[PDB]
Amino acid sequence: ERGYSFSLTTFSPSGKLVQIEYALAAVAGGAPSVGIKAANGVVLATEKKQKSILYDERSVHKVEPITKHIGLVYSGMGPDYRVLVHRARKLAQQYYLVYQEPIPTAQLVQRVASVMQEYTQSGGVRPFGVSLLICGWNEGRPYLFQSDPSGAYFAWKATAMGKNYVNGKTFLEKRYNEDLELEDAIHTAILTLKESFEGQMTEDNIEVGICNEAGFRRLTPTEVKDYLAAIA
Amino acid sequence: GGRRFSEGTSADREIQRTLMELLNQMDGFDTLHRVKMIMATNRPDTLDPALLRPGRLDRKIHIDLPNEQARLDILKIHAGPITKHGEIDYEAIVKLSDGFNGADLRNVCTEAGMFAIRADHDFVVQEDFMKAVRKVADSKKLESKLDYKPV
Amino acid sequence: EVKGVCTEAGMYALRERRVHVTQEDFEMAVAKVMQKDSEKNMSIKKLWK
Amino acid sequence: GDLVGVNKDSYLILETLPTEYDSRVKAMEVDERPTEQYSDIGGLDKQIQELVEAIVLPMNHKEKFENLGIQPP
Amino acid sequence: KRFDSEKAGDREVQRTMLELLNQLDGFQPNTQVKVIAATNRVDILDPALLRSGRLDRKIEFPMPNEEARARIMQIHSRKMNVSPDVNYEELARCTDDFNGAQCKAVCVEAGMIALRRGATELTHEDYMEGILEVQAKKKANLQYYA
Amino acid sequence: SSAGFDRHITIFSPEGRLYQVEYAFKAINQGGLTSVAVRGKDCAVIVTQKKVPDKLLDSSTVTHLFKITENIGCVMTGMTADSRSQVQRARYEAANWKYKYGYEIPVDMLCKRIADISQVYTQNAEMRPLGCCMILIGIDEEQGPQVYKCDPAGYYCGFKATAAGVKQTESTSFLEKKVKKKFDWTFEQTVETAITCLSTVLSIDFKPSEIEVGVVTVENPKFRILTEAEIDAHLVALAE
Amino acid sequence: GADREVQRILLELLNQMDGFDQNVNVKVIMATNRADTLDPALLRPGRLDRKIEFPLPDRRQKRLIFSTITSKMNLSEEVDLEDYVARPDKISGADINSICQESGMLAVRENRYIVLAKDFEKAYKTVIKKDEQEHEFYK
Amino acid sequence: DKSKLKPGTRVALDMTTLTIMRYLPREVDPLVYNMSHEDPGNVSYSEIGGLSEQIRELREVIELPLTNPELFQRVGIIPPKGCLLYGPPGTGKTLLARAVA
Amino acid sequence: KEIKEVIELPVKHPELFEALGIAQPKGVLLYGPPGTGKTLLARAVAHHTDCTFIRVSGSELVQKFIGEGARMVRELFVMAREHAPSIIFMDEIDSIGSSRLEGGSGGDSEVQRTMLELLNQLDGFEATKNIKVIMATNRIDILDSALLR
Ligand SMILES: Nc1ncnc2c1ncn2[C@@H]1O[C@H](COP(=O)(O)OP(=O)(O)OP(=O)(O)O)[C@@H](O)[C@H]1O
Ligand SMILES: Nc1ncnc2c1ncn2[C@@H]1O[C@H](COP(=O)(O)OP(=O)(O)OP(=O)(O)O)[C@@H](O)[C@H]1O
């Protein structure tokens, strides 16, 4: 490059930022996803489709692990997702080289959102088009956080993103209670993902990852075929 | 026609109202019977999609210029009733021509008629056609940005 | 909009052929009328705190 | 579209009234063209002929262009 | 140069352009009246009426030569009293980048310059003064250039 | 609509889209070429025609079938100048896998490294996003054959049989009708379908001089470009 | 002197829409293409209450529309339309009618009266040549 | 025949008696009179070349409803309205309107 | 409470306002953008007042050709002064009353004469009495500001 470095995101005359609001529009028209925190573990459930019978499902993965106990899904766009995965992978290593201890889940999200915000103020680039759902069972209590293209973190009990997320939002508002078990959380997570799905819900149309206090665990399609018997 | 849009210099508001009248009257609440409509243009790129939607304009059809045998057939049509001797190399006329237009091959049949009336000839020779194309070939190539981009 | 909620809660009880109304009838009635372009999303209004 | 003469009482059509129009093209009618000798033009005599071949012979030889099988431009 | 909807010349021109075009060939044959229409610019036109059917006899106007301009100046000088010792080689050599309007304009000025001093004749000196009076000696020393 | 400079540089639209990248998807179609990839049970076929407009032009320096490593080949569509720039990147990062890690690079991991680079060109706004496609083949240990496709947006996935180029929606529609009927796939069963799909979509029924076949096999993992004679041998064999 | 005439029509409309008489036992129905364009004083409840959207017909409605058109059509005995139901590239309702007409106009043309399940494929390929796919990017 | 006097028809009143003399069907508006009366070309599908695929397809949808609707009975399906002649210029698109007229 | 004691209080007890030394108000503007209490509050005060109520929408005075739409302006107020216990109601003064534009370009000066007449009748000649006007429209940024002093 040359030395331009001019930020292409400035304030509106109203006083809002324009490109971040447009980046949120790309997230809302993405694949639906749901995450539920249920007092012994946290369950991530995304919704994976294939436009043909020609694609392969053992290749592209949505639920992606980070350390040994920290999972991560998204709802926005695809190529930008893999960037900040590899960024967060290295970002958890400088914690572990220095402190010799697995990084707490709150400590990642402070660092990932700091990457993402500082990315928007600098010049020549667009913001990301990805929102995240990060979870983990650190120090007894499990956790569930959500980031955004603006770079703001939250702490949900149960949220949803992607298409028709407000419909899934009201559904969890009646479905979720003070506490459940892990298996009940999986049963209501498939229930809310079956809200806006299509007719074929096989072991390949959904893709589910959990966080035990024993650790992160990604579910193979065998159990998801077995657990979808009398689903929702 | 054209596309609807936002705040648009109030002259344009009328033409959208004229267009909305046309969309309603030819296909709306009433039943248009024994009536057929032939629309013809060159820029079908940006219109109202409510105008191009089927039911009112069912089958659109594209009409292409080059076939290399059509330009042979267009040439035989326009040079049908012309006095000559049959010494007409149509293939070299077809090969050397960038006419691309039945009006242009009408113009080529006009030009070779103009050279033939020069030097007092009732018949038309093949060289008149070779002068007819080169006048056509020069007249077109003295132009720039001659775009031909539809939908 | 108070009238619209009263009409929608009335219309929901009509199709059930019922002269009674619940609290939930109004909850789905307000959610019908509250249909705006400034969508909720939790991220439009929390990034600006 | 004709401007016929009408009786004021019987309303009968009896006249033709040669039907003028707007004054703007009336202002565009320029007659009495002065004869300019072609030799006033220098160096452009080929274009003069190609014009005279294009227009004047269609004006004169109306039937030479009809029996040949062509149409004047 | 059509398909361009940009303010303000996007609406008022294209119909009058079209109502021209659909009048020229159009639907019914118009073999009653001839059109000899002329421009001074080619490429700005869109290829809509620009093809054959309509205006197809492209008559380029070349730049007038030294021999063309010297011929033209001799024509406009014919109506006045001119001394016969006028070299057209010098005139064609000194006249550069003129047209028929500008070759006429020098010939009017060189006669009026001769009207000022009261002679009844002309020389090459009059026309050189007539040439210099056209542009009125365009020379600004931009002074950057050595 | 268009806000700011969303038609020009890689920023967002008010509709939550962008436009430069989806212009680049139909920057392939100015190439005027169609390539088909089919994976069988123990092979992986790449087939691609070539157009030779001039007799004064070689029949050697034309074919898009390139060789990344000794066990990985590819095919390029789109424009040609952007294609060979893409290939030198793939040749370069395959060798760095050897020098850093020691073993041969998998065909899956290479498509990540390519799609990351295409991401960045989308990402920073002051550079062009390189419109050309990418299809790889290769044999993995304890995984069999693979077929992948990088895109100028920056995403990839595995496939079973997937074409690219100009004609996909007729070519992929035929391959779906071929796969879902659950037939056998051995070697020549896989090669014959890779011809007849490209035969029926293009509707040519050609002479064995335009297409090139780049099969890789489990028994012979070397990337191999077929001879014109044996290309003619398969074509008359499927002919009844 | 034209935007004032449109504006006074709106004010005249809303007065006798809802003024001092609230004219009983009449109903007003409107049907435009874009509703984010018109006046926000029109969309208020108590003046217009039913904000009915007509979206594009999805799957499970194509089977409804195909059933109703071909209830009147004398088509083939053993053609199935189900391959052309799960298709992408969303299709408006009037397109289905055009496909059915374009099939029949092709069915007449070779002096026939019934369907051989090839004219439907031509009509489907005919009507679809437009701009297309979601590009499998940003999901 | 007062049953024909439909509320919205047009009549001719007497000048003095003012009563109805003769009813008149419609108006013409001599503006659009000029868009009716003109000759196309007396052309006969023979002043056109290389287009018989497009021509026969176009004639199929126009001629058949205005001539023989019994084929459309035997199918049942209603015929559609019309076509669009889009094309880059000079291809001969106004020449077809001569032919059908 | 503001409207009741700006309308019924000048009527029922005018001697109070004639005792301080200042004059009684006659001009009321109501505005609310979504239409909240813009007719109900009008029809209620039209109900329990025992006073004459005149409602004229600001869209009727337009009349086809010239002058006729202007002459009935003064013909209204002389009827309004004919019954001194009366209130004129205006409905949606937004079109007639926008802005005095140019005359050769758009902004046709035909309804402008009525706005000139309306402003110069109530206070152009004599300050009348027992006449209360009520104007109800939203959009208080687009109508004219001379009647807003
Ligand atoms: N394919 C063709 N075959 C025979 N004659 C043709 C053909 N195309 C054009 N012509 C000639 O063109 C003239 C008709 O004009 P034409 O329809 O070509 O203009 P156009 O295509 O309508 O132009 P535009 O598209 O700009 O309106 C006729 O005189 C005819 O002789
Ligand atoms: N305080 C209230 N109590 C009961 N209903 C109300 C109240 N405020 C508003 N409404 C309802 O709102 C609707 C609008 O009436 P309102 O007079 O408030 O505005 P409006 O005159 O219709 O607006 P506009 O002047 O734009 O026409 C009425 O149907 C009314 O029932």
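By Swiss-Prot numbering, chain F shows 5-244, in order.
According to its header, this structure was worked out by electron microscopy, 3.6 Å.
In case you wondered, yes, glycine gets a Cβ from its N, Cα and C as well.
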Look up F:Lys45, F:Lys104, F:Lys164 in Swiss-Prot and give me whichever carries the note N6-acetyllysine.
F:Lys104
Out of F:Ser64, F:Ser122, F:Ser213, report back the residue that Swiss-Prot marks as phosphoserine.
F:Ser64
Which one of F:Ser63, F:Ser87, F:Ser177 gets the tag phosphoserine in Swiss-Prot?
F:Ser63
Hey, which of F:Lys30, F:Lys102, F:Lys116 does Swiss-Prot call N6-acetyllysine?
F:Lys102
Closest to F:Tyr159 (phosphotyrosine): which of the recorded positions F:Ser5, F:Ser17, F:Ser64, F:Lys104, going by Cα position?
F:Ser17
F:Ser5 (O-linked glycosylation site), number of other Cβ atoms within 10 Å:
9
Measure the Cβ-based neighbour count of F:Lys104 (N6-acetyllysine), defined as the other Cβ atoms within 10 Å of its Cβ.
7
Please work out which residue of F:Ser17, F:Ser64 has the most C-beta neighbours within 10 angstroms of its C-beta, and give that one of the modified residues.
F:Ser17
Cβ neighbours of F:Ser63 (phosphoserine) where a neighbour is any other Cβ within 10 Å:
10
Tell me the Cβ contacts of F:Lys102 (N6-acetyllysine) under 8 Å, same chain only and six or more apart in sequence, or just say none.
F:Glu108, F:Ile109
Given the modified residues F:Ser17, F:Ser63, F:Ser64, F:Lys104, which lie close to F:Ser5 (O-linked glycosylation site), meaning Cα to Cα within 10 A?
F:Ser17
Applying an 8 Å Cβ threshold (strictly under) against chain A, tell me which of the recorded positions F:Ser5, F:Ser17, F:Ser63, F:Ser64, F:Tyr159 fall inside, in sequence order.
F:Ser17, F:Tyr159
Using Cα coordinates, what distance in whole Å links F:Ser63 (phosphoserine) and F:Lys104 (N6-acetyllysine)?
38
What Cα-Cα separation, expressed in whole Å, is found between F:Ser17 (phosphoserine) and F:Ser64 (phosphoserine)?
45
